[PDB]
Number of protein chains: 2
Amino acid sequence: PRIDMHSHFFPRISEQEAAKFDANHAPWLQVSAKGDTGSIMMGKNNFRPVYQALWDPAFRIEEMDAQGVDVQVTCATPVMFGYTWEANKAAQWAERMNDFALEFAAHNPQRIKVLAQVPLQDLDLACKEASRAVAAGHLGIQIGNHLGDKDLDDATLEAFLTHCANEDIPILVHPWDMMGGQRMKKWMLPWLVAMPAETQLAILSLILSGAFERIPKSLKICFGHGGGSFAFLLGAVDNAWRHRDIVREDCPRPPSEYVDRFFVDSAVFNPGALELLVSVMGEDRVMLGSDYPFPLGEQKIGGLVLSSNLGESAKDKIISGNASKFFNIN
Amino acid sequence: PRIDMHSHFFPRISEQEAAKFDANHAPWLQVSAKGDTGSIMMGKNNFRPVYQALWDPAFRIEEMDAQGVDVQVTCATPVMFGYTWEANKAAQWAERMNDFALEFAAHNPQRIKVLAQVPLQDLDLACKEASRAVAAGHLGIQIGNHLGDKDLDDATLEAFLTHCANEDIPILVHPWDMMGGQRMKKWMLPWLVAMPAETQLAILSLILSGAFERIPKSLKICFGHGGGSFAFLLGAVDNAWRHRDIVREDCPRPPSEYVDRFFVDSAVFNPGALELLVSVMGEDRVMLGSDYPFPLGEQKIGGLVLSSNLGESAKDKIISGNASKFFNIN
Ligand SMILES: [Zn+2]
Ligand SMILES: [Zn+2]
C-alpha cells in the first residue's frame, strides 16, 4: 500500500481552553460556522489559515482515498510544541495534545497512525511522556530540531534520543523556530532557506559531535523534508572533516559514513534532487512524506517517487516498505 | 588552458600602516623571520594564521605551476571588507586594498588577475570606487551579501548591480558574515551550514524580489561556492511559487527559469552534487573556482571536474570557456 509518513493535524481547542494554559502563546483552533475552513490562533492573533482535513479525521479519509493513500502517519503541527513554556504546563499540554491525537486517530486506527509530542525542555518529563504516549497507542515521537540555542548535540537532546532508542521508540525530527531572524520575511524565505538549513544543522549536529557513537545503533530516527540541504552539501562536509582539526575533533569516521544511522523523508520536489538523495542515503532509508495537508506539501501524494527513474523495488520500499519497518505498521 | 576564478590574497601591510585607519579594526599582516609562516592581525591579537601563498605572488606563481593553473583571478579576504566602517574611511581603505591588489597583480598580469572591493555601505562611494578600479585594471568586483551587520539586499543594492551591469563590470558575490547567532559554535558549522544558506539567500533574494526584471540582462554576476544549496533546493522554491500567491507576487516566471541570469563557481566537492549543479545551471554557467589558498580550498584545482562522467565539451567550458567570456580573458 501507500504509506505517507509525514502529515500533520491540529485538535479542537477553544480560545478559553488554550487560555487556561497560556492566553497569549497557546494556539487554538477557530473553525468557520460551515466547518470547512478555519484558523490556527495564538491568543487573539490569527496565525495560519487552515482547512477541514487538519482536524476532521472522516474528511481526511475522503482525501486519503482520492490520493491513493492507504495509511497515514500524522503528528502535531509545530506551533503546538510549546518548548519555551514553563515545563509543567508544557508537560500537561503535551499530555492533552497526545490524547487529542489518539481520539483523532481512533476514528479509524487502521489507516491513521499518530506520533506524539513531548515537553522537550524538561528531560525527565519528556521521557515520561514519550513512554506513556507509545504504550497508549502512538507509533513514535515527533520533535522540533532544536531548543533555542540547543541543537541535537546538546546532552539533554542526546539523552532523549538515547531513551527512545533504549525503548525502541522511533523519532521524526522536524524543523521549527527557524533561524534567520529579521532577514527572511518575504516570499516564504523562512520555509525555503532557513528550514532546510535547520534540518541540515540538526543532522550535522549529531554527526560532528560524535553523538551517533554514544547512541545505540537501534535508534530509529528520521529527518523531515529530505534531510534539508544535507545530501547535497555532504561533499563539502567530508572535505572540511579531512582538512580541519576542529571539524574532525569529535567525529571519528568520515561524516558520510553516518547515513547508515538515520532516515530522511522524500519531499524534495524534484526528480534529480530525489535521485541524489536516494544515491546518498540508499533506497532503504528514504520514506514517502507529503507534508499534508499544508499548502506547500506535494499535491499529488507519491507523485514524485512513482514518476522517477528508480527500480520497481526502490519505488516500493520508499512508498511502503521502509515505513512498515520504521514505524512497525504491519 | 586552465582558469581558477575564485581565490584570495591579503596585502603586505604593517601594524602602523593600518593604524592610520584603525588600531583595533583595520587588519594587517605579520610574518616571522622564517618568511614562510605569517598571520593576519587585528590589533595586537591573532585573527587568522596564514599560509605564505596568501600574500607574495612569487610563491603563488609556483603553486600555480604544480597545479594545472595558468590563470587565477584573486580578490579580497572578506576580513578586509569593513562594510561596517564609516562610508568615507571605508572608501579610503577600499582603494588602498585595490592599489595593494594591483601591485600584487603586476607580478604576472598574464596569470594573476584581480577583482576589486567596494565601500558598499554607501551607494555612490562604492559605484565610484568600482568604475575607478576596473579602469585601473581590475577585472571586476567582489562583494559580500550584507553590510557588516546587514539585512540582505534592497533597491540600493539593485542600483549598484545596475551601475555595474551598465558599465559591464563583473561581480563575484561571496557569502560572508554569520547567520547562526549563538548556534553553530563548533566544527566550522557556519562554513558548512550558514555559508551555503547565505549564498542561496542572495540568489533567491534577487529572483523572488523580481530584481532580474529591473536588472539589464547585461549583468555579469557569479555566486560563490556552487551557489550554496540553491540547485538542490530549487524544486522546493518552484513548488512554493506555484502553491502560494505570496511567493509568485513579485516573481512573474517560475524561479527556476531565472538560472540564465547568473553564474556559479564549481566548488561543491562531490561528483554527484556537481552533476546536479550542471544539470540545473547548464554547463555554460558554471566556472572553476578553488578557494585557494584556504585550507578548505580544493586540493587538486580542477580535480573534481576532470574526474567527472561529464562531457568533454562541458569540461572545457567549466575549466576555461565560461571564465574567459565572464572576465574577458584570452
Ligand atoms: Zn511538516
Ligand atoms: Zn572564497
Side-chain angles (χ1 to χ4, degrees), chain A residues 4-10 40 48 50 54 72-81 115 117 142-145 172-178 188 190-191 195-196 198-199 202 222-228 236 239-240 264-269 287-298 301, chain B residues 4-10 48 53-54 72-81 115 117 142-145 172-177 188 190-191 195-196 198-199 202 222-228 236 239-240 264-269 287-298 301:
Chain A
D4 181 20
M5 54 63 67
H6 184 165
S7 62
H8 294 295
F9 95 98
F10 197 98
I40 291 180
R48 207 260 188 88
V50 301
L54 197 56
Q72 206 180 47
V73 176
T74 181
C75 56
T77 310
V79 66
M80 293 159 61
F81 284 161
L115 302 189
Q117 76 180 80
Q142 164 195 242
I143 63 173
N145 69 287
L172 183 57
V173 176
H174 196 293
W176 95 301
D177 190 22
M178 262 77 68
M188 308 197 65
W191 199 244
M195 183 280 280
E198 283 289 347
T199 302
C222 180
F223 291 87
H225 306 105
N239 187 267
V264 287
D265 78 29
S266 67
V268 296
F269 300 103
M287 293 173 287
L288 170 57
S290 70
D291 204 350
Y292 171 90
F294 293 149
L296 60 187
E298 140 171 275
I301 293 158
Chain B
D4 171 37
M5 46 74 56
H6 190 169
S7 63
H8 299 294
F9 85 104
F10 187 96
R48 222 234 249 266
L54 195 59
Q72 184 186 84
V73 192
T74 197
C75 47
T77 309
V79 190
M80 305 151 44
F81 281 156
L115 298 182
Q117 65 182 258
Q142 180 201 215
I143 64 179
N145 358 92
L172 164 69
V173 187
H174 205 277
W176 94 304
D177 190 42
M188 297 188 60
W191 198 245
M195 193 244 76
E198 285 277 1
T199 298
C222 183
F223 286 99
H225 307 282
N239 182 255
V264 295
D265 74 32
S266 55
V268 296
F269 306 91
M287 311 187 277
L288 170 67
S290 66
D291 203 10
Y292 185 81
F294 295 153
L296 284 204
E298 188 180 23
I301 304 168

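Letters A, B, ... are given to chains in the order of the sequence lines, protein chains preceding strands, and every chain is numbered from 1. Side-chain atoms are counted along with the backbone in the values below, which use heavy atoms only and exclude waters and symmetry mates. All ligand and atom numbering here is 1-based and tracks the order in the structure.
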Q: Indicate, with yes or no, if the rings of B/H8 and B/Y292 have centres closer together than 6.0 Å.
A: no
Q: Who are the side chain to side chain contact (heavy atoms under 4.5 Å, CB included) partners of B/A76, not counting sequence neighbours?
A: B/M80, B/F81, B/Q117, B/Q142
Q: For A/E198, give me all partners under salt bridge (charged side-chain N to carboxylate O under 4.0 Å, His left out), at least two apart in sequence or on another chain.
A: B/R183
Q: How far apart are the closest heavy atoms of A/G226 and A/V268, and which atoms are they?
A: CA-CG1, 3.6 Å
Q: Could you walk me through whether A/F269 and A/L296 pass side chain to side chain contact (heavy atoms under 4.5 Å, CB included), step by step?
A: CA-CA 10 Å; A/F269 300 103; A/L296 60 187; over 6 Å; no
Q: The Zn ion (ligand 2): which protein N, O or S atoms are under 2.8 Å away?
A: B/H6 NE2, B/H8 NE2, B/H174 NE2, B/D291 OD1
Q: Among all residues two or more places apart in sequence or in another chain, which pass the side-chain hydrogen bond (donor to acceptor under 3.5 Å, both in side chains) test with B/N145?
A: none
